[PDB]
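*Asks:* I'm passing along protein-v2.cif; it holds mmCIF, C-alpha atoms; chains and numbers go by the auth columns.
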```
data_coords
#
loop_
_atom_site.group_PDB
_atom_site.id
_atom_site.type_symbol
_atom_site.label_atom_id
_atom_site.label_comp_id
_atom_site.label_asym_id
_atom_site.label_seq_id
_atom_site.Cartn_x
_atom_site.Cartn_y
_atom_site.Cartn_z
_atom_site.B_iso_or_equiv
_atom_site.auth_seq_id
_atom_site.auth_asym_id
ATOM 1 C CA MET A 1 3.778 -8.155 -19.196 0.00 1 N
ATOM 2 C CA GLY A 2 4.563 -5.139 -16.982 0.00 2 N
ATOM 3 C CA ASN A 3 3.624 -3.800 -13.527 0.00 3 N
ATOM 4 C CA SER A 4 0.095 -4.684 -12.346 0.00 4 N
ATOM 5 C CA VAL A 5 -0.252 -5.122 -8.563 0.00 5 N
ATOM 6 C CA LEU A 6 -3.102 -3.616 -6.508 0.00 6 N
ATOM 7 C CA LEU A 7 -1.808 -1.893 -3.357 0.00 7 N
ATOM 8 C CA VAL A 8 -4.224 -1.872 -0.395 0.00 8 N
ATOM 9 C CA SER A 9 -4.176 1.104 1.999 0.00 9 N
ATOM 10 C CA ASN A 10 -4.973 0.242 5.637 0.00 10 N
ATOM 11 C CA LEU A 11 -2.448 -1.661 7.822 0.00 11 N
ATOM 12 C CA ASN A 12 -2.637 1.086 10.481 0.00 12 N
ATOM 13 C CA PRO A 13 -2.389 -0.543 13.917 0.00 13 N
ATOM 14 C CA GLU A 14 -0.145 -3.532 14.717 0.00 14 N
ATOM 15 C CA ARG A 15 -2.814 -6.216 15.146 0.00 15 N
ATOM 16 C CA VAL A 16 -3.850 -5.368 11.570 0.00 16 N
ATOM 17 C CA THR A 17 -1.221 -7.271 9.543 0.00 17 N
ATOM 18 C CA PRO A 18 -1.302 -8.237 5.866 0.00 18 N
ATOM 19 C CA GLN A 19 -2.387 -11.751 6.900 0.00 19 N
ATOM 20 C CA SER A 20 -5.892 -10.406 7.607 0.00 20 N
ATOM 21 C CA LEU A 21 -5.903 -7.853 4.767 0.00 21 N
ATOM 22 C CA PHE A 22 -4.455 -10.489 2.420 0.00 22 N
ATOM 23 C CA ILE A 23 -7.474 -12.687 3.221 0.00 23 N
ATOM 24 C CA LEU A 24 -9.739 -9.974 1.761 0.00 24 N
ATOM 25 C CA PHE A 25 -7.930 -10.141 -1.586 0.00 25 N
ATOM 26 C CA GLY A 26 -7.144 -13.837 -1.014 0.00 26 N
ATOM 27 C CA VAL A 27 -10.832 -14.377 -1.851 0.00 27 N
ATOM 28 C CA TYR A 28 -9.420 -15.515 -5.222 0.00 28 N
ATOM 29 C CA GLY A 29 -6.075 -16.847 -3.927 0.00 29 N
ATOM 30 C CA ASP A 30 -4.319 -15.371 -6.977 0.00 30 N
ATOM 31 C CA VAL A 31 -1.765 -12.934 -5.477 0.00 31 N
ATOM 32 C CA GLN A 32 1.563 -14.512 -6.489 0.00 32 N
ATOM 33 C CA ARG A 33 3.349 -12.620 -3.700 0.00 33 N
ATOM 34 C CA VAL A 34 2.645 -9.969 -1.039 0.00 34 N
ATOM 35 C CA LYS A 35 5.238 -7.452 0.228 0.00 35 N
ATOM 36 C CA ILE A 36 4.869 -5.413 3.446 0.00 36 N
ATOM 37 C CA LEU A 37 7.538 -2.921 4.601 0.00 37 N
ATOM 38 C CA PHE A 38 8.120 0.479 2.944 0.00 38 N
ATOM 39 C CA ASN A 39 4.306 0.735 2.937 0.00 39 N
ATOM 40 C CA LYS A 40 4.843 2.618 6.223 0.00 40 N
ATOM 41 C CA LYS A 41 1.491 1.347 7.549 0.00 41 N
ATOM 42 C CA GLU A 42 -1.735 2.258 5.712 0.00 42 N
ATOM 43 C CA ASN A 43 -0.225 0.539 2.647 0.00 43 N
ATOM 44 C CA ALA A 44 0.359 -3.000 1.317 0.00 44 N
ATOM 45 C CA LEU A 45 1.499 -4.783 -1.867 0.00 45 N
ATOM 46 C CA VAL A 46 -0.738 -7.388 -3.556 0.00 46 N
ATOM 47 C CA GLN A 47 0.696 -9.113 -6.649 0.00 47 N
ATOM 48 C CA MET A 48 -1.744 -11.042 -8.870 0.00 48 N
ATOM 49 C CA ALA A 49 -3.295 -8.715 -11.479 0.00 49 N
ATOM 50 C CA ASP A 50 -0.205 -8.803 -13.696 0.00 50 N
ATOM 51 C CA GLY A 51 -2.776 -6.826 -15.689 0.00 51 N
ATOM 52 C CA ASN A 52 -5.394 -9.631 -15.926 0.00 52 N
ATOM 53 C CA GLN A 53 -6.161 -10.514 -12.298 0.00 53 N
ATOM 54 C CA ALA A 54 -6.848 -6.846 -11.499 0.00 54 N
ATOM 55 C CA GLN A 55 -9.652 -7.164 -14.021 0.00 55 N
ATOM 56 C CA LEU A 56 -11.203 -9.689 -11.632 0.00 56 N
ATOM 57 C CA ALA A 57 -9.583 -8.384 -8.383 0.00 57 N
ATOM 58 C CA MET A 58 -9.305 -4.675 -9.287 0.00 58 N
ATOM 59 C CA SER A 59 -12.995 -4.512 -10.289 0.00 59 N
ATOM 60 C CA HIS A 60 -14.345 -7.042 -7.762 0.00 60 N
ATOM 61 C CA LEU A 61 -12.518 -5.425 -4.825 0.00 61 N
ATOM 62 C CA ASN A 62 -12.708 -1.770 -5.905 0.00 62 N
ATOM 63 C CA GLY A 63 -16.097 -0.007 -5.839 0.00 63 N
ATOM 64 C CA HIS A 64 -16.606 -2.211 -2.754 0.00 64 N
ATOM 65 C CA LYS A 65 -18.360 0.693 -0.984 0.00 65 N
ATOM 66 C CA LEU A 66 -16.943 1.066 2.551 0.00 66 N
ATOM 67 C CA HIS A 67 -19.537 1.294 5.350 0.00 67 N
ATOM 68 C CA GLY A 68 -17.398 0.704 8.464 0.00 68 N
ATOM 69 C CA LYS A 69 -13.699 1.081 7.590 0.00 69 N
ATOM 70 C CA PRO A 70 -12.393 3.703 5.162 0.00 70 N
ATOM 71 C CA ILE A 71 -9.777 1.753 3.162 0.00 71 N
ATOM 72 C CA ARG A 72 -7.958 3.092 0.082 0.00 72 N
ATOM 73 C CA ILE A 73 -6.870 0.929 -2.878 0.00 73 N
ATOM 74 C CA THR A 74 -4.383 2.029 -5.571 0.00 74 N
ATOM 75 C CA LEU A 75 -2.951 0.356 -8.696 0.00 75 N
ATOM 76 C CA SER A 76 0.817 0.443 -9.345 0.00 76 N
ATOM 77 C CA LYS A 77 1.519 2.711 -12.344 0.00 77 N
ATOM 78 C CA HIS A 78 5.081 2.701 -13.737 0.00 78 N
ATOM 79 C CA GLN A 79 4.637 3.430 -17.465 0.00 79 N
ATOM 80 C CA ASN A 80 8.289 2.750 -18.377 0.00 80 N
ATOM 81 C CA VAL A 81 9.367 -0.853 -19.073 0.00 81 N
ATOM 82 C CA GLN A 82 10.523 -2.705 -15.933 0.00 82 N
ATOM 83 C CA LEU A 83 11.691 -6.346 -16.015 0.00 83 N
ATOM 84 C CA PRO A 84 10.876 -9.023 -13.441 0.00 84 N
ATOM 85 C CA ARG A 85 13.496 -10.796 -11.291 0.00 85 N
ATOM 86 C CA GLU A 86 13.899 -7.648 -9.159 0.00 86 N
ATOM 87 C CA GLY A 87 11.327 -7.726 -6.331 0.00 87 N
ATOM 88 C CA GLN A 88 10.981 -11.084 -4.534 0.00 88 N
ATOM 89 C CA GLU A 89 13.114 -10.575 -1.394 0.00 89 N
ATOM 90 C CA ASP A 90 15.471 -7.613 -1.989 0.00 90 N
ATOM 91 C CA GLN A 91 13.107 -4.954 -0.577 0.00 91 N
ATOM 92 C CA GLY A 92 13.072 -6.222 3.022 0.00 92 N
ATOM 93 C CA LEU A 93 9.929 -8.236 3.778 0.00 93 N
ATOM 94 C CA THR A 94 8.380 -10.399 1.036 0.00 94 N
ATOM 95 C CA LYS A 95 5.689 -13.044 1.645 0.00 95 N
ATOM 96 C CA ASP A 96 4.465 -15.542 -0.975 0.00 96 N
ATOM 97 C CA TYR A 97 0.762 -16.509 -1.192 0.00 97 N
ATOM 98 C CA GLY A 98 0.030 -18.977 1.636 0.00 98 N
ATOM 99 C CA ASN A 99 3.181 -19.085 3.799 0.00 99 N
ATOM 100 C CA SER A 100 6.789 -20.352 3.902 0.00 100 N
ATOM 101 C CA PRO A 101 7.643 -23.640 5.612 0.00 101 N
ATOM 102 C CA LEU A 102 10.209 -23.863 8.438 0.00 102 N
ATOM 103 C CA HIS A 103 12.713 -25.142 5.840 0.00 103 N
ATOM 104 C CA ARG A 104 12.632 -22.108 3.512 0.00 104 N
ATOM 105 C CA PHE A 105 15.374 -20.058 5.217 0.00 105 N
ATOM 106 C CA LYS A 106 18.382 -21.173 7.300 0.00 106 N
ATOM 107 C CA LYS A 107 18.666 -20.557 11.064 0.00 107 N
ATOM 108 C CA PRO A 108 15.831 -18.078 11.580 0.00 108 N
ATOM 109 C CA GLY A 109 15.730 -15.501 14.401 0.00 109 N
ATOM 110 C CA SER A 110 16.958 -11.882 14.324 0.00 110 N
ATOM 111 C CA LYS A 111 18.732 -9.536 16.767 0.00 111 N
ATOM 112 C CA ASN A 112 17.314 -6.552 18.693 0.00 112 N
ATOM 113 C CA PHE A 113 19.008 -3.326 19.860 0.00 113 N
ATOM 114 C CA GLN A 114 18.141 -0.561 17.365 0.00 114 N
ATOM 115 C CA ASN A 115 17.412 2.841 18.965 0.00 115 N
ATOM 116 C CA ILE A 116 15.228 2.714 22.082 0.00 116 N
ATOM 117 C CA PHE A 117 12.304 5.158 22.284 0.00 117 N
ATOM 118 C CA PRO A 118 10.180 6.275 25.233 0.00 118 N
ATOM 119 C CA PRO A 119 6.865 4.484 25.755 0.00 119 N
ATOM 120 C CA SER A 120 4.322 7.136 24.696 0.00 120 N
ATOM 121 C CA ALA A 121 0.610 6.843 23.851 0.00 121 N
ATOM 122 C CA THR A 122 -1.178 8.512 20.917 0.00 122 N
ATOM 123 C CA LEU A 123 -4.910 7.821 20.501 0.00 123 N
ATOM 124 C CA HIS A 124 -7.290 9.048 17.794 0.00 124 N
ATOM 125 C CA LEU A 125 -11.004 9.764 18.314 0.00 125 N
ATOM 126 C CA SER A 126 -13.441 8.747 15.551 0.00 126 N
ATOM 127 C CA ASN A 127 -16.467 10.873 14.534 0.00 127 N
ATOM 128 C CA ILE A 128 -18.311 11.998 17.685 0.00 128 N
ATOM 129 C CA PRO A 129 -22.087 11.779 18.150 0.00 129 N
ATOM 130 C CA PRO A 130 -24.199 14.933 17.921 0.00 130 N
ATOM 131 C CA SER A 131 -24.391 15.615 21.678 0.00 131 N
ATOM 132 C CA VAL A 132 -20.935 15.266 23.276 0.00 132 N
ATOM 133 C CA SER A 133 -18.393 18.019 22.512 0.00 133 N
ATOM 134 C CA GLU A 134 -14.615 17.468 22.300 0.00 134 N
ATOM 135 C CA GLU A 135 -14.219 19.010 25.773 0.00 135 N
ATOM 136 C CA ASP A 136 -16.176 16.099 27.284 0.00 136 N
ATOM 137 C CA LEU A 137 -13.821 13.470 25.812 0.00 137 N
ATOM 138 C CA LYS A 138 -10.676 15.580 26.268 0.00 138 N
ATOM 139 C CA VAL A 139 -11.528 15.937 29.975 0.00 139 N
ATOM 140 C CA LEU A 140 -12.093 12.184 30.283 0.00 140 N
ATOM 141 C CA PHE A 141 -8.660 11.361 28.815 0.00 141 N
ATOM 142 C CA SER A 142 -7.197 13.543 31.590 0.00 142 N
ATOM 143 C CA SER A 143 -9.153 12.588 34.728 0.00 143 N
ATOM 144 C CA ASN A 144 -10.386 9.243 33.344 0.00 144 N
ATOM 145 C CA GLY A 145 -7.608 8.598 30.801 0.00 145 N
ATOM 146 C CA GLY A 146 -4.641 9.099 33.154 0.00 146 N
ATOM 147 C CA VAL A 147 -1.850 11.263 31.692 0.00 147 N
ATOM 148 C CA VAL A 148 -2.773 13.677 28.874 0.00 148 N
ATOM 149 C CA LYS A 149 0.333 15.310 27.356 0.00 149 N
ATOM 150 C CA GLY A 150 -1.801 17.163 24.781 0.00 150 N
ATOM 151 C CA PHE A 151 -4.557 16.568 22.204 0.00 151 N
ATOM 152 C CA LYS A 152 -4.846 17.864 18.620 0.00 152 N
ATOM 153 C CA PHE A 153 -8.265 17.774 16.917 0.00 153 N
ATOM 154 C CA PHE A 154 -8.378 18.246 13.124 0.00 154 N
ATOM 155 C CA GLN A 155 -9.138 16.561 9.777 0.00 155 N
ATOM 156 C CA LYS A 156 -6.138 14.217 10.288 0.00 156 N
ATOM 157 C CA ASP A 157 -7.900 10.820 10.067 0.00 157 N
ATOM 158 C CA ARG A 158 -10.922 12.474 8.383 0.00 158 N
ATOM 159 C CA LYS A 159 -12.944 14.369 11.018 0.00 159 N
ATOM 160 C CA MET A 160 -10.695 12.460 13.436 0.00 160 N
ATOM 161 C CA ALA A 161 -8.183 13.718 16.039 0.00 161 N
ATOM 162 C CA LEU A 162 -5.186 12.381 17.983 0.00 162 N
ATOM 163 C CA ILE A 163 -4.166 12.821 21.649 0.00 163 N
ATOM 164 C CA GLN A 164 -0.753 12.249 23.269 0.00 164 N
ATOM 165 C CA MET A 165 -0.608 10.441 26.633 0.00 165 N
ATOM 166 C CA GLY A 166 2.883 9.717 27.950 0.00 166 N
ATOM 167 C CA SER A 167 1.776 6.734 30.063 0.00 167 N
ATOM 168 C CA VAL A 168 0.570 4.300 27.374 0.00 168 N
ATOM 169 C CA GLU A 169 -1.413 2.233 29.904 0.00 169 N
ATOM 170 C CA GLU A 170 -3.271 5.487 30.642 0.00 170 N
ATOM 171 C CA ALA A 171 -4.192 5.997 26.970 0.00 171 N
ATOM 172 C CA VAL A 172 -6.039 2.657 26.887 0.00 172 N
ATOM 173 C CA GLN A 173 -7.614 3.398 30.281 0.00 173 N
ATOM 174 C CA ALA A 174 -9.521 6.256 28.611 0.00 174 N
ATOM 175 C CA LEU A 175 -11.440 3.811 26.417 0.00 175 N
ATOM 176 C CA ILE A 176 -12.548 1.838 29.483 0.00 176 N
ATOM 177 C CA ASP A 177 -12.775 4.867 31.811 0.00 177 N
ATOM 178 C CA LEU A 178 -14.189 7.411 29.336 0.00 178 N
ATOM 179 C CA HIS A 179 -16.716 4.855 28.119 0.00 179 N
ATOM 180 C CA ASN A 180 -16.783 2.601 31.211 0.00 180 N
ATOM 181 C CA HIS A 181 -20.605 2.732 31.232 0.00 181 N
ATOM 182 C CA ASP A 182 -22.281 2.699 27.794 0.00 182 N
ATOM 183 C CA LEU A 183 -25.677 1.536 26.477 0.00 183 N
ATOM 184 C CA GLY A 184 -24.873 -0.592 23.405 0.00 184 N
ATOM 185 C CA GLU A 185 -24.188 1.263 20.134 0.00 185 N
ATOM 186 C CA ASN A 186 -21.388 2.981 22.088 0.00 186 N
ATOM 187 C CA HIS A 187 -22.030 6.027 19.865 0.00 187 N
ATOM 188 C CA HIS A 188 -19.819 6.748 16.829 0.00 188 N
ATOM 189 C CA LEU A 189 -16.896 8.126 18.873 0.00 189 N
ATOM 190 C CA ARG A 190 -14.039 5.595 18.681 0.00 190 N
ATOM 191 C CA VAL A 191 -10.907 5.600 20.878 0.00 191 N
ATOM 192 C CA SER A 192 -7.861 3.602 19.709 0.00 192 N
ATOM 193 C CA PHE A 193 -4.285 3.596 21.065 0.00 193 N
ATOM 194 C CA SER A 194 -1.671 4.195 18.338 0.00 194 N
ATOM 195 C CA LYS A 195 2.141 4.277 18.625 0.00 195 N
ATOM 196 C CA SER A 196 3.741 7.108 16.614 0.00 196 N
ATOM 197 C CA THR A 197 7.350 8.348 16.750 0.00 197 N
ATOM 198 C CA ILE A 198 9.237 8.249 20.076 0.00 198 N
#
```
Go ahead and express the file in the form of structure tokens.

*Replies:*
Amino acid sequence: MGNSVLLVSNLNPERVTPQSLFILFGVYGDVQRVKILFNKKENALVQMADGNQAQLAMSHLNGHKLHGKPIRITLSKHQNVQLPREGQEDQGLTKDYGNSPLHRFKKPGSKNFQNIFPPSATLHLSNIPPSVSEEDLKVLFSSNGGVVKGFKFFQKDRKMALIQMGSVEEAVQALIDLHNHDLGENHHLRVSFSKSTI
């Protein structure tokens, strides 16, 4: 009896919470508890293998062969000997398979005020089709996007790139404006608005 939880790498945007990702592993409804916080996006905690469930979950989920979304899955290591009773609500956010009723905690509700940042817009472009260069999209984000503070193309998200656009509403406008008129497949170039630091 030691550490044996499969961590799922993905939770990137905000609409992509563990509730949806948990459903993927929930296929067996065996994760005793799921924790989401220090994962810093792109990471999640699924507890069920305890060594055995990973045999079913680790093998059944791994080698899944991604064909639309590149997701990474890792297995907690920790070779030393750690005891339980030390990870069920002391890390920050801990959810238990299913959901907690409105009578689990006392008066719910939290407070705000915690460092205000400027509303900026960072979007990443997914693999581009063999025909349109980066200059074509980069120009769209400016004249069709709205406000382009700068764009950096590199291997970041794997052959992907990110662009900064102060006005966030403008960043989304590029998706509609840059690709306002498509044909169907929409090509392989993907435009998504992401919120980084600031």

*Asks:* What does the structure give for the distance between atom CA of residue N:87 and atom CA of residue N:107, in Å to one decimal?

*Replies:*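 Computed distance, atom CA of residue N:87 to atom CA of residue N:107, equals 22.8 Å.
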
*Asks:* Could you check the closest approach to residue N:45 for each of N:130, N:18, N:92, N:145 and tell me which residue wins, using all atoms listed in the file?

*Replies:*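 Distance minimum relative to residue N:45 lands on N:18.
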
*Asks:* Rounded to one decimal place, report the atom CA of residue N:173-atom CA of residue N:191 distance in Å.

*Replies:* 10.2 Å

*Asks:* Considering all atoms listed in the file, can you say which of N:139, N:11, N:54, N:163 comes closest to residue N:31?

*Replies:* N:54

*Asks:* Which is closer to residue N:3 than all the others in N:37, N:46, N:123, N:137, using only C-alpha atoms?

*Replies:* N:46

*Asks:* Kindly indicate which residue among N:32, N:19, N:96, N:9 lies nearest to residue N:71, using only C-alpha atoms for the distances.

*Replies:*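 Residue with the minimum atom-to-atom distance to residue N:71: N:9.
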
*Asks:* I want to know what sits within 12 Å of residue N:176, based on all atoms listed in the file, with residues of the same chain fewer than 5 positions away left out; could you give that as a list in words?

*Replies:*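 Non-adjacent residues within range: residues 140, 141, 144, 145, 146, 169, 170, 171, 181, 182, 186, 190, 191, 192 and 193 of chain N.
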
*Asks:* Just the selected residues (C-alpha atoms), exported as a PDB file, keeping the file's coordinate frame, please.

*Replies:*
```
ATOM      1  CA  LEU N 140     -12.093  12.184  30.283  1.00  0.00           C
ATOM      2  CA  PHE N 141      -8.660  11.361  28.815  1.00  0.00           C
ATOM      3  CA  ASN N 144     -10.386   9.243  33.344  1.00  0.00           C
ATOM      4  CA  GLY N 145      -7.608   8.598  30.801  1.00  0.00           C
ATOM      5  CA  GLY N 146      -4.641   9.099  33.154  1.00  0.00           C
ATOM      6  CA  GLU N 169      -1.413   2.233  29.904  1.00  0.00           C
ATOM      7  CA  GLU N 170      -3.271   5.487  30.642  1.00  0.00           C
ATOM      8  CA  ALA N 171      -4.192   5.997  26.970  1.00  0.00           C
ATOM      9  CA  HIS N 181     -20.605   2.732  31.232  1.00  0.00           C
ATOM     10  CA  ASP N 182     -22.281   2.699  27.794  1.00  0.00           C
ATOM     11  CA  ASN N 186     -21.388   2.981  22.088  1.00  0.00           C
ATOM     12  CA  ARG N 190     -14.039   5.595  18.681  1.00  0.00           C
ATOM     13  CA  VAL N 191     -10.907   5.600  20.878  1.00  0.00           C
ATOM     14  CA  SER N 192      -7.861   3.602  19.709  1.00  0.00           C
ATOM     15  CA  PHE N 193      -4.285   3.596  21.065  1.00  0.00           C
TER      16      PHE N 193
END
```

*Asks:* Could you write out as a PyMOL selection string the residues that the PyMOL selection byres ((chain N and resi 39) around 10) matches in the shown file?

*Replies:* chain N and resi 7-11+35-38+40-45

*Asks:* Here's the selection I'm unsure about, the PyMOL selection byres ((chain N and resi 57-69) around 12); applied to the file above, which residues does it give, as a count of residues only?

*Replies:* 44

*Asks:* Using the chain letters and numbers from the file, give me the residues hit by the PyMOL selection byres ((chain N and resi 152-155) around 10), as a PyMOL selection string.

*Replies:* chain N and resi 124-125+134+138+150-151+156-164

*Asks:* Expressed in Å to a single decimal, how great is the separation between atom CA of residue N:147 and atom CA of residue N:119?

*Replies:*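 Between atom CA of residue N:147 and atom CA of residue N:119 the gap works out to 12.5 Å.
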
*Asks:* Here is a test: counting only C-alpha atoms, which residue of N:97, N:196, N:104, N:185 is nearest to residue N:14?

*Replies:*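 Checking each of N:97, N:196, N:104, N:185 against residue N:14, counting only C-alpha atoms, the winner is N:196.
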